[PDB]
Amino acid sequence: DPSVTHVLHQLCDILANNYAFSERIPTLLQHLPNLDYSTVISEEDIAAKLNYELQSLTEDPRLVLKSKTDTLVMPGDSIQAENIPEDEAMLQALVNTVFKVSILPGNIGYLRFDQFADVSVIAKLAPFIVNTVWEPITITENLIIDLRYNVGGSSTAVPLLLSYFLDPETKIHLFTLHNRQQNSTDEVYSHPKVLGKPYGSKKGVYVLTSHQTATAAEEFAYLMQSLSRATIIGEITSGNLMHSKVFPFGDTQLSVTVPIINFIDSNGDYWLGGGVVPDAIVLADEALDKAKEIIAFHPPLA
């Protein structure tokens, strides 16, 4: 009936112009109109049918039809540039509460922070982050970065952060973004210079994750994993990345979430999100203990 063609027509248009995997559009435009739709007469059935067909044809869980009711919640709210103090004492004080740093027994560094602010914010906090984070962990031989409570934010500072764990002179490709809505194909690299002492690329790094770890935090964890820089420990993450957009289907209670960006890591793998999968899967409460175990039993290297 008309409601099926109404959705179908909009879907094909949305896909042709937005779906990150453009190369799949020809085939999707052949199959979708070919399906047998004389069995579906309810938004729920339409969503289910098109969702089964789409996943058969794309194997991309990011592309999904859903009730408009289940369309996201709201973008995170981290420290904004327009709300950063001017006074140096207050800035150091803020940095001191944003980043929790401990030196655990056995000389293992512990770094916790629960949001990723925009790079414009990090720029103004960088001088203070030197004192709270980078200098104090210099003495340690291994570092545990706790992101179990980190609901992310903007990814704009991820490359910069990552650069503290890589070679000062290397220019490392991190990932490449392909934004369909335009022709991004932007290659993202590490920075050749950071402020404060890089932790370096040699010492052991362990990233703790939970099901609450989100957006920028997932990207950070994923990238540390994809670069073989750290061991990820904990739960599979939330699967909330900022790679899609939602498109409502006019005249219906349905919408479609479409990935508009593809994220290709330094090994050429396309990350479909849905959650970073830890190297050592344990419940979130056990992750710190696990990391310590790993550290304690690491081969003394012959």
# chains A, B, ... in the order shown; residues from 1 in each chain; ligands from 1
>>> residues_around(residues="region 90-93 of chain A", least_positions_apart="3", cutoff="8 Å", atoms="only C-alpha atoms", output="ChimeraX atom specification")
/A:84-87,96-97,125,128-129
>>> residues_around(residues="residue 108 (chain A)", least_positions_apart="5", cutoff="6 Å", atoms="only C-alpha atoms", output="ChimeraX atom specification")
/A:103,140,142-143
>>> write_last_selection(atoms="N, CA, C and O atoms", output="mmCIF file, in the first residue's frame")
data_model
loop_
_atom_site.group_PDB
_atom_site.id
_atom_site.type_symbol
_atom_site.label_atom_id
_atom_site.label_comp_id
_atom_site.auth_asym_id
_atom_site.auth_seq_id
_atom_site.Cartn_x
_atom_site.Cartn_y
_atom_site.Cartn_z
ATOM 1 N N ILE A 103 49.662 7.347 41.941
ATOM 2 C CA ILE A 103 50.740 6.486 41.642
ATOM 3 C C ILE A 103 50.431 5.266 42.518
ATOM 4 O O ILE A 103 50.545 5.336 43.764
ATOM 5 N N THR A 140 56.464 6.566 36.478
ATOM 6 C CA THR A 140 55.920 5.189 36.339
ATOM 7 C C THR A 140 56.410 4.365 35.155
ATOM 8 O O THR A 140 56.874 4.889 34.128
ATOM 9 N N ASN A 142 54.379 1.759 33.981
ATOM 10 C CA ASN A 142 53.136 1.330 33.308
ATOM 11 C C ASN A 142 52.021 2.323 33.690
ATOM 12 O O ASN A 142 52.111 3.027 34.728
ATOM 13 N N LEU A 143 51.039 2.473 32.820
ATOM 14 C CA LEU A 143 49.955 3.435 33.056
ATOM 15 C C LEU A 143 48.613 2.807 32.784
ATOM 16 O O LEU A 143 48.406 2.134 31.800
#
>>> residues_around(residues="residue 149 (chain A)", least_positions_apart="5", cutoff="7 Å", atoms="only C-alpha atoms", output="ChimeraX atom specification")
/A:114,212-213
>>> select_by_dssp(residues="region 49-249 of chain A", states="alpha helix (DSSP H)", output="VMD selection string")
chain A and resid 49 to 58 88 to 98 119 to 129 135 to 137 158 to 162 215 to 226
>>> select_by_dssp(residues="region 157-286 of chain A", states="strand (DSSP E or B)", output="MDAnalysis selection string")
chainID A and resid 173:179 186:189 204:209 231:234 244:248 254:259 261:265 270 280:281
>>> closest_atom_pairs(of="region 109-205 of chain A", to="region 8-23 of chain A", cutoff="9 Å", atoms="only C-alpha atoms", output="JSON lines")
{"residue": "A:178", "atom": "CA", "partner": "A:20", "partner_atom": "CA", "distance": 7.2}
{"residue": "A:179", "atom": "CA", "partner": "A:20", "partner_atom": "CA", "distance": 6.6}
{"residue": "A:180", "atom": "CA", "partner": "A:20", "partner_atom": "CA", "distance": 4.8}
{"residue": "A:181", "atom": "CA", "partner": "A:18", "partner_atom": "CA", "distance": 5.4}
{"residue": "A:182", "atom": "CA", "partner": "A:18", "partner_atom": "CA", "distance": 8.8}
>>> residues_around(residues="region 284-295 of chain A", least_positions_apart="4", cutoff="7 Å", atoms="only C-alpha atoms", output="ChimeraX atom specification")
/A:148,206,208-210,233-235
>>> decode(residues="region 23-52 of chain A", atoms="N, CA and C atoms", output="tab-separated table (two decimals), in the first residue's frame")
chain	number	residue	atom	x	y	z
A	23	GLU	N	29.32	3.02	-2.46
A	23	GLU	CA	29.54	1.93	-3.36
A	23	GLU	C	28.51	0.90	-3.22
A	24	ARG	N	27.67	0.96	-2.16
A	24	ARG	CA	26.63	-0.01	-2.01
A	24	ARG	C	25.30	0.45	-2.60
A	25	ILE	N	25.20	1.72	-2.99
A	25	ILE	CA	23.95	2.29	-3.39
A	25	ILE	C	23.38	1.61	-4.65
A	26	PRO	N	24.22	1.40	-5.68
A	26	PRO	CA	23.67	0.75	-6.90
A	26	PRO	C	22.91	-0.50	-6.62
A	27	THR	N	23.53	-1.43	-5.89
A	27	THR	CA	22.92	-2.68	-5.51
A	27	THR	C	21.67	-2.58	-4.62
A	28	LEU	N	21.68	-1.60	-3.72
A	28	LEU	CA	20.56	-1.37	-2.84
A	28	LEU	C	19.38	-0.84	-3.66
A	29	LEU	N	19.70	-0.01	-4.64
A	29	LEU	CA	18.64	0.56	-5.52
A	29	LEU	C	18.05	-0.54	-6.44
A	30	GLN	N	18.80	-1.62	-6.65
A	30	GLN	CA	18.26	-2.75	-7.43
A	30	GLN	C	17.40	-3.65	-6.53
A	31	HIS	N	17.86	-3.94	-5.32
A	31	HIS	CA	17.16	-4.88	-4.51
A	31	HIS	C	15.92	-4.30	-3.83
A	32	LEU	N	16.06	-3.15	-3.20
A	32	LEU	CA	14.95	-2.63	-2.42
A	32	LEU	C	13.57	-2.57	-3.15
A	33	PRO	N	13.51	-2.11	-4.38
A	33	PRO	CA	12.26	-2.04	-5.09
A	33	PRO	C	11.79	-3.41	-5.51
A	34	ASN	N	12.64	-4.41	-5.42
A	34	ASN	CA	12.31	-5.73	-5.86
A	34	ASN	C	11.65	-6.60	-4.78
A	35	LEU	N	11.76	-6.20	-3.54
A	35	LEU	CA	11.27	-7.00	-2.45
A	35	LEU	C	9.75	-7.19	-2.57
A	36	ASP	N	9.25	-8.22	-1.95
A	36	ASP	CA	7.87	-8.52	-1.82
A	36	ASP	C	7.29	-7.84	-0.56
A	37	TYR	N	6.61	-6.73	-0.76
A	37	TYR	CA	5.91	-5.90	0.23
A	37	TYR	C	4.39	-6.02	0.18
A	38	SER	N	3.88	-7.22	0.05
A	38	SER	CA	2.47	-7.29	0.10
A	38	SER	C	2.19	-8.10	1.33
A	39	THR	N	3.08	-8.11	2.29
A	39	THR	CA	2.82	-8.85	3.51
A	39	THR	C	2.90	-7.88	4.74
A	40	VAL	N	3.38	-6.67	4.48
A	40	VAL	CA	3.62	-5.68	5.54
A	40	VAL	C	2.71	-4.49	5.54
A	41	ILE	N	2.01	-4.32	6.66
A	41	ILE	CA	1.04	-3.22	6.80
A	41	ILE	C	1.06	-2.65	8.21
A	42	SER	N	2.21	-2.16	8.62
A	42	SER	CA	2.34	-1.55	9.93
A	42	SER	C	3.78	-1.10	10.03
A	43	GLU	N	4.03	0.10	10.55
A	43	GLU	CA	5.34	0.67	10.65
A	43	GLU	C	6.29	-0.35	11.22
A	44	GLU	N	5.84	-1.04	12.23
A	44	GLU	CA	6.69	-2.04	12.82
A	44	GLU	C	7.13	-3.08	11.81
A	45	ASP	N	6.19	-3.56	10.99
A	45	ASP	CA	6.53	-4.56	10.00
A	45	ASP	C	7.45	-3.98	8.95
A	46	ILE	N	7.14	-2.75	8.51
A	46	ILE	CA	8.02	-2.08	7.55
A	46	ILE	C	9.44	-1.93	8.06
A	47	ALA	N	9.58	-1.48	9.28
A	47	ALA	CA	10.91	-1.32	9.85
A	47	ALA	C	11.65	-2.69	9.90
A	48	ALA	N	10.94	-3.69	10.41
A	48	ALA	CA	11.54	-5.00	10.51
A	48	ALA	C	11.92	-5.61	9.18
A	49	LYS	N	11.02	-5.46	8.20
A	49	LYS	CA	11.33	-6.01	6.93
A	49	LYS	C	12.53	-5.33	6.26
A	50	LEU	N	12.50	-3.98	6.18
A	50	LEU	CA	13.56	-3.24	5.60
A	50	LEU	C	14.86	-3.41	6.39
A	51	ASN	N	14.80	-3.55	7.71
A	51	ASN	CA	15.97	-3.75	8.54
A	51	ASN	C	16.61	-5.11	8.21
A	52	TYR	N	15.78	-6.12	8.00
A	52	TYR	CA	16.37	-7.48	7.66
A	52	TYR	C	17.01	-7.47	6.33
